[PDB]
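Peer 1: turn this into a model:
(2 chains, ligands or ions: 8)
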Amino acid sequence: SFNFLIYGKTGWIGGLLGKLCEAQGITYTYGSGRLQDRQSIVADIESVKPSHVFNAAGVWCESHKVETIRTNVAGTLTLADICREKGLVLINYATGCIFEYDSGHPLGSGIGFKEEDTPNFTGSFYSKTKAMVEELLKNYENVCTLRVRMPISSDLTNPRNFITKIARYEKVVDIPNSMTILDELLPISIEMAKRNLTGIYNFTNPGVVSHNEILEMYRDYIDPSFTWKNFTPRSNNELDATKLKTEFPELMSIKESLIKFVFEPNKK
Amino acid sequence: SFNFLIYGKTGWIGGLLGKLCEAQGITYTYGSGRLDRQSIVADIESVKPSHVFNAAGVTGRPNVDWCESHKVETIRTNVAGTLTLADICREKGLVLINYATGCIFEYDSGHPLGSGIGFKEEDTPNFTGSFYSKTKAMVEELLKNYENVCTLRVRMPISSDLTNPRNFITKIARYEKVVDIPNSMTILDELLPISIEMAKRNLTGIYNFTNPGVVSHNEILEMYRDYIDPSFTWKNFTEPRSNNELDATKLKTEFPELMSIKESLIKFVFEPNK
Ligand SMILES: [Cl-]
Ligand SMILES: [Cl-]
Ligand SMILES: [Zn+2]
Ligand SMILES: [Zn+2]
Ligand SMILES: [Zn+2]
Ligand SMILES: [Zn+2]
Ligand SMILES: [Zn+2]
Ligand SMILES: [Zn+2]
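Peer 2: Numbering: from 1, shown residues only, chains lettered A, B, ... in the order given. Ligands and ions are numbered 1, 2, ... in the order given. Shown next is the protein structure:
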């Protein structure tokens, strides 16, 4: 009944999805093909005959911008199109870092950006390009787009993990941010496929956390001797968790979720 | 020396291009490939072109309903296909002449109606409420990253062929009332040859690609009347389409012989149709 075609095997979310699909006992296969060409994708689909498809491909000179366009724009739009022609729900792993605190959603307010909102942080190429694709993907009834931010998981060896970035910085800033606890949200995303959810979902845990709060948990739970300094353009914001929370009332707030899925199992 | 790969034989400009290459003795070929990399990659190796022309659409105001199937259809060809084509050309060192739209700008506080102040290449599209408009702006902004691509902003394209329903003149001449707004416009008969020359000169970046100056719908209809049908009649509105002027400085500097709409209209469109 359930059969998953997944793109991005050499990737963080891609790999974790594979391991998730073992322990869940779900049939899955990693897309051999390349997003850059439609021929590949059509083949994979017709060969694998998937019920759902997952896109975890992806996450500035010309060469690297062009490369990103080829995979994040052309490629993502092509997969979306094919999956639509075929009737397949496409889970599209994307970014929430296209918003930033502003006059209508001020730092410290509790008012988060909603799914329906216009991306207000689009100066950087990556940010703009990500906003462009998200806007375009709205016209694809089958696509479900997930706004992931500053992904964190239970494994601190991962240089991509946000906690291990912050515990490395010389000085750090202290700004509350919406973040994605992978261990919790990734099983949730799989459930979203099963329920055939589509549209945009902010895909962070509800509530916000700052670097100081995360470094405090880090010192207490995993290195009691740890020390950091504070400062006496990146994205900072809250995403509104309402829509994702309505569909998934078991979803945990960040601190509470950092404690269970990340810090308690790494205690030392 | 020259060998052109052209996309869009189906369409207005793409058809016109082919005829110009015939008339000028330039070897050209229309691409079989659907804008499917491998399909395009095949064309480039089969044709071994010196330059590539993307007229894959759409010539002018298009043009149907904006439902999902229709929006998606433009995204597949005008976004993913155009970006795929630009990519392959860039990898291969090939210059790509991309025919596109100027109808992504609108009269504003800093470029007011009647001011003679026109939008520049560098300017940020300010008319992007509608899907088509936002989408073409997106692609245009993205194409800025492909140094081999030459984006041309064509507005309300016009031909000496007054029988062609795509021609802006015959649209307006066939309508009951009309809006009368000064606009920048493109005389294909004059401007299409120039685009062949831009390719020859390996030009790149964005060019506003309308004739210098503006005409209103009325100034045009009056010329229709005195040149083709003196018995012609029309009323106005007393009561959203893109209305703007496009700065022609950059195109004129590169092409001094470029004429303004009115004189270009007279010479290319109306006089050889008396
Ligand atoms: Cl708002
Ligand atoms: Cl400006
Ligand atoms: Zn680089
Ligand atoms: Zn980020
Ligand atoms: Zn809001
Ligand atoms: Zn137009
Ligand atoms: Zn200006
Ligand atoms: Zn280069």
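
Peer 1: burial count for the residue in chain A that ligand 7 sits nearest to?
Peer 2: Of the residues in chain A, the one nearest ligand 7 is residue A:123, at a distance of 19.8 Å by CB to the ion. Where you see a C-beta, it was placed from the backbone N, CA and C, and this is true even at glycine. Counted with other CB atoms under 10 Å in any protein chain shown, the neighbours of residue A:123 add up to 8.

Peer 1: that one is in contact with residue A:233, isn't it?
Peer 2: Yes: with contacts counted by CB atoms under 8 Å, residue A:123 reaches residue A:233, the gap being 7.2 Å.

Peer 1: three-state assignment of the residue nearest to residue A:121 when sequence neighbours are not counted?
Peer 2: Excluding the flanking residues, the one nearest residue A:121 by CB to CB, 6 or more residues apart in numbering or on different chains is residue A:100, at 4.1 Å. Residue A:100 falls in the coil class when you classify it by DSSP: H, G, I helix; E, B strand; the rest coil.

Peer 1: ok, residue A:34 to ligand 3 distance?
Peer 2: Counting by CB to the ion, to the nearest Å, the gap between residue A:34 and ligand 3 amounts to 21 Å.

Peer 1: the residue of chain A closest to ligand 7: what's it in contact with?
Peer 2: Each residue near residue A:123 by CB atoms under 8 Å, 6 or more residues apart in numbering or on different chains is listed here: residue A:233.

Peer 1: distance of it relative to chain B?
Peer 2: Using CB to the nearest CB, to the nearest Å, one obtains 12 Å as the distance from residue A:123 to chain B.

Peer 1: burial check on the residue nearest to residue A:51 when sequence neighbours are not counted, number of neighbours?
Peer 2: Take residue A:51 and drop its neighbours on the chain: the residue closest to it by CB to CB, 6+ apart is residue A:3, 5.0 Å away. The local packing count at residue A:3 equals 14, with neighbours defined by other CB under 10 Å.

Peer 1: beta partners for residue A:3?
Peer 2: Per DSSP bridges, the residues bridged to residue A:3 are residue A:27.

Peer 1: on that earlier part again, test my guess that the residue nearest to residue A:121 contacts residue A:178.
Peer 2: No: under the criterion of CB under 8 Å, residue A:100 makes no contact with residue A:178, lying 11.6 Å away.

Peer 1: quick check: neighbours shared by those two?
Peer 2: Listed as contacting both residue A:100 and residue A:178 by CB under 8 Å, 6+ apart are residue A:237.

Peer 1: give me the more crowded residue out of those two.
Peer 2: Neighbours per residue (other CB under 10 Å) separate residue A:100 from residue A:178, with residue A:178 holding more: 27 against 19.

Peer 1: pull the contacting residues for the more buried one.
Peer 2: With contacts taken as CB under 8 Å, 6+ apart, residue A:178 has the following neighbours: A:96, A:112, A:149, A:202, A:204-205, A:207-208, A:237-239, A:241, A:254.

Peer 1: now these as a markdown table including secondary structure, neighbour count and distance to residue A:80?
Peer 2: Below are the contacts of residue A:178 laid out as a markdown table (DSSP: H, G, I helix; E, B strand; the rest coil; neighbours: other CB atoms under 10 Å in any protein chain shown; distance: CB to CB, whole Å):
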| residue | secondary structure | neighbour count | distance to residue A:80 |
| --- | --- | --- | --- |
| A:96 | coil | 28 | 19 |
| A:112 | coil | 21 | 26 |
| A:149 | coil | 24 | 22 |
| A:202 | strand | 26 | 20 |
| A:204 | coil | 29 | 23 |
| A:205 | coil | 27 | 27 |
| A:207 | coil | 18 | 31 |
| A:208 | coil | 23 | 31 |
| A:237 | coil | 24 | 26 |
| A:238 | coil | 25 | 28 |
| A:239 | strand | 30 | 22 |
| A:241 | coil | 21 | 25 |
| A:254 | helix | 25 | 30 |
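
Peer 1: just the strands in the stretch 1-150 of chain A please.
Peer 2: Counting by DSSP state E, counting those that start in this stretch, one finds strands in the stretch 1-150 of chain A at the ranges A:3-7, A:27-30, A:52-55, A:89-95, A:143-148.

Peer 1: do the longest one and chain B meet?
Peer 2: Okay, so that is strand A:89-95. No: no part of strand A:89-95 sits near chain B under the criterion CB under 8 Å from any CB of the partner chain; the closest distance found is 12.9 Å.

Peer 1: residues of chain A that sit close to chain B?
Peer 2: A:36-39, A:62, A:65-66, A:69-70, A:73-74, A:77-78, A:81, A:84, A:125, A:128-129, A:132, A:135-136, A:139-141.

Peer 1: give the PyMOL command for selecting the buried subset of these.
Peer 2: To isolate the buried members of the residues of chain A next to chain B in PyMOL, using 16 or more other CB atoms under 10 Å in any protein chain shown:
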select buried, chain A and resi 36+37+38+65+66+69+70+73+74+77+78+81+84+125+128+129+132+135+136+139+140
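
Peer 1: distance from stretch A:116-128 to the middle of the chain?
Peer 2: Between the mean C-alpha point of stretch A:116-128 and the mean C-alpha point of its chain there is a distance of 16 Å (CA atoms, centre = their mean, to the nearest Å).

Peer 1: could you pull out the helices for chain A?
Peer 2: For chain A, the helices defined by DSSP state H cover A:12-23, A:38-48, A:62-68, A:76-86, A:125-137, A:162-166, A:182-194, A:211-222, A:242-247, A:254-258.

Peer 1: need the winner for burial among the ones you listed.
Peer 2: For the helices of chain A, ranked by mean neighbour count under the definition mean count of other CB atoms under 10 Å in any protein chain shown, the leader is helix A:76-86 at a mean of 22.

Peer 1: tell me which other helices or strands it touches.
Peer 2: Applying 3 or more CB pairs under 8 Å, 6 or more residues apart in numbering or on different chains; DSSP states H and E, we find helix A:76-86 packed against helix A:38-48, strand A:52-55, strand A:89-95, helix A:125-137, strand A:143-148.

Peer 1: and if we set it to 10 Å?
Peer 2: Secondary structure elements in contact with helix A:76-86, counted by 3 or more CB pairs under 10 Å, 6 or more residues apart in numbering or on different chains; DSSP states H and E, are strand A:3-7, helix A:38-48, strand A:52-55, strand A:89-95, helix A:125-137, strand A:143-148, helix B:68-74, helix B:82-91.

Peer 1: tilt between the first one and helix A:182-194?
Peer 2: Following axes from the mean of the first three to the mean of the last three CA atoms, to 10 degrees, one obtains 120 degrees for the angle between strand A:3-7 and helix A:182-194.

Peer 1: picking up where we left off before, and the helices and strands packed on helix A:76-86: which comes nearest residue A:247?
Peer 2: Distances from residue A:247 to each of the helices and strands packed on helix A:76-86 were compared by CB to CB, and the smallest falls on strand A:143-148, at 11.1 Å.

Peer 1: residue of the stretch 101-250 of chain A closest to ligand 3, please.
Peer 2: Using CB to the ion, the closest approach of the stretch 101-250 of chain A to ligand 3 is made by residue A:125 at 10.8 Å.

Peer 1: in this structure that residue contacts residue A:67, no?
Peer 2: No: counting by CB atoms under 10 Å, no contact exists between residue A:125 and residue A:67, whose distance comes to 11.9 Å.

Peer 1: what does chain A have sitting close to ligand 3?
Peer 2: Proximity of chain A to ligand 3 (CB under 5 Å from the ion) is limited to residues A:61, A:64.

Peer 1: let's go with 8 Å and repeat that
Peer 2: A:60, A:61, A:62, A:63, A:64, A:65 (CB under 8 Å from the ion).
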